[PDB]
Amino acid sequence: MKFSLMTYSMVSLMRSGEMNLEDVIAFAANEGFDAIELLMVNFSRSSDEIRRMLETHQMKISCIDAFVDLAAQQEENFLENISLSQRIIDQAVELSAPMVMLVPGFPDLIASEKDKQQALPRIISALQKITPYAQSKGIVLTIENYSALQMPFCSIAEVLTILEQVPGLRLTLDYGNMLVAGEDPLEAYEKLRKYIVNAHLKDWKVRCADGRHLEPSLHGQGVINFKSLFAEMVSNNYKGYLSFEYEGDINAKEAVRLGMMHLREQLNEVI
Amino acid sequence: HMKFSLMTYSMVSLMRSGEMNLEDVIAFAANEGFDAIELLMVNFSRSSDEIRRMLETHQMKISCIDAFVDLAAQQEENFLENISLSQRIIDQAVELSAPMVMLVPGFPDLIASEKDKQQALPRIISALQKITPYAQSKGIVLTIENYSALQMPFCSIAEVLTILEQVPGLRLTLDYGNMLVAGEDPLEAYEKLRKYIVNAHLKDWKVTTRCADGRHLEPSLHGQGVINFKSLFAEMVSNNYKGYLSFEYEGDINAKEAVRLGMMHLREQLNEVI
Ligand SMILES: [Mn+2]
Ligand SMILES: [Mn+2]
């Protein structure tokens, strides 16, 4: 039950120029995380430089995240997105990350029910091509359940349908995203347990399926029940990381410090 | 010469729910008295022949085709394929008799740092320098849109002007509401960018998308928020604007009701000016 910090949680301070990647790694080390989950949106940095940062701060990468359009209808774009996915897997090898998580589509690019219907077999086809490459390199490939309901990978049923058609594919469960999809987060974990190798933890306070809008909350101040998840995870001997995600407006370092105090308290009660 | 168009994006909620298809949006636009639709194109699955058939049935035209394309892609092969995709969108404009294309040239989730923003900008410009001559060769006006996610280097007046002045022939779709998000005065944006503006998106915001100036904003029915459309209309009429004014709505009210309610306000304000 080790914790990892998503670099994506610090995006506000990276966008403002207050933190660079090394600062995020250093901050994760100082806050006691065992790893970072690295969002990779370009290959501008050399692997050498990232490996150096990780050695300096005695940090590891639990998972590399990327947004890739595996729903692309246009053949040449679709093929280049598979190639990009392979390049991300290559980066996981270079950086000693055991896992990749793909968000396999973009919400602004699904503009109708017919688009959603067509996107699903396309995503599945892409993942059947990419997952064997990940396996050959010794990398565990996952998708994430998402929060924009026009993407055909949000509900328990949707993610299960993909997982059951892609040999070897695994799941990063975003516990809070299930709430947006109208699912019970704990039920999602129970139904998808055999595929869940990574988890994102984020909270919401009171657009959903159940028709009620949510705001990002500091962990423990919203509606998500983390202790119940941790209890089941310990019971089931989950061996992946618990990744800290925050998408709100509180200063990102403060959000991590405050939310981690709640999460560690809840885990310690279960242990 | 002030004409209204309906963004198909404004109807996306009912398209996603299966309540409306593209033809329904075209027919709705015709029934509500629009001069055109602005078509969001996210794939080429629709037959060009069938779109043209729909436009003829409903006596409608397409004023502009909108697309999201990642012209900031750092990996060369992806970058080149996104230039080719943009050229294929221009070809679709020819096939559909749309005079204009609007690209949103990057994706907010793919710019994760200030350095990423810095590196994206010359990349986007270089792509647009390749795409714009192709649009010109096909008689298509190419535009970008000023956006609302401030990590993208195309939101402020200064950012959009920097791109436009480096890409010969490039023009602008002014999203008047997005300028408010960027901390600009929407009317001053129009005045400073007037010679480039060939299309406009009209949307409104109410004070409850995070602004530069602090205020929290949510989509508003037009006329119920803070955007002054009459002042814009008065200036465009004064300058003999010949383009379209495109109706954009991003909120939660039923999309057909939002068009009916918002257009009543917009037409009233334009009428007070002419
Ligand atoms: Mn997540
Ligand atoms: Mn717009």
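Counting starts at 1 for both ligands and their atoms, following the listed order. In what follows, chains are A, B, ... by sequence order, proteins preceding strands, each numbered from 1. Just so it is clear, the values below take in all heavy atoms, side chains as well, and ignore hydrogens, waters and symmetry mates.
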Flag this pair as yes if the NZ/CZ of B:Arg267 is under 6.0 angstrom from the six-membered ring centre of B:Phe34 and inside a 45 degree cone about the axis; otherwise no.
-> yes

Partner residues of A:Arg207 under the salt bridge (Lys or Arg N to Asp or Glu O under 4.0 Å) criterion, sequence neighbours left out = none

Which protein N, O or S atoms does the Mn ion (ligand 2) have within a distance shorter than 2.8 Å?
-> B:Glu145 OE2, B:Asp175 OD2, B:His201 ND1, B:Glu248 OE1

Indicate the ring-plane relationship of B:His265 and B:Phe229, choosing parallel, tilted or perpendicular according to the 30° and 60° boundaries.
-> perpendicular

With sequence neighbours left out, what residues match B:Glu248 under salt bridge (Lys or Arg N to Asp or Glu O under 4.0 Å)?
-> B:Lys203

With sequence neighbours left out, the residues meeting salt bridge (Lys or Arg N to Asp or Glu O under 4.0 Å) with B:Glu32 are B:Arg260

Charged tip of A:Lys2 within 45° of A:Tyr241 ring normal and under 6.0 Å = no

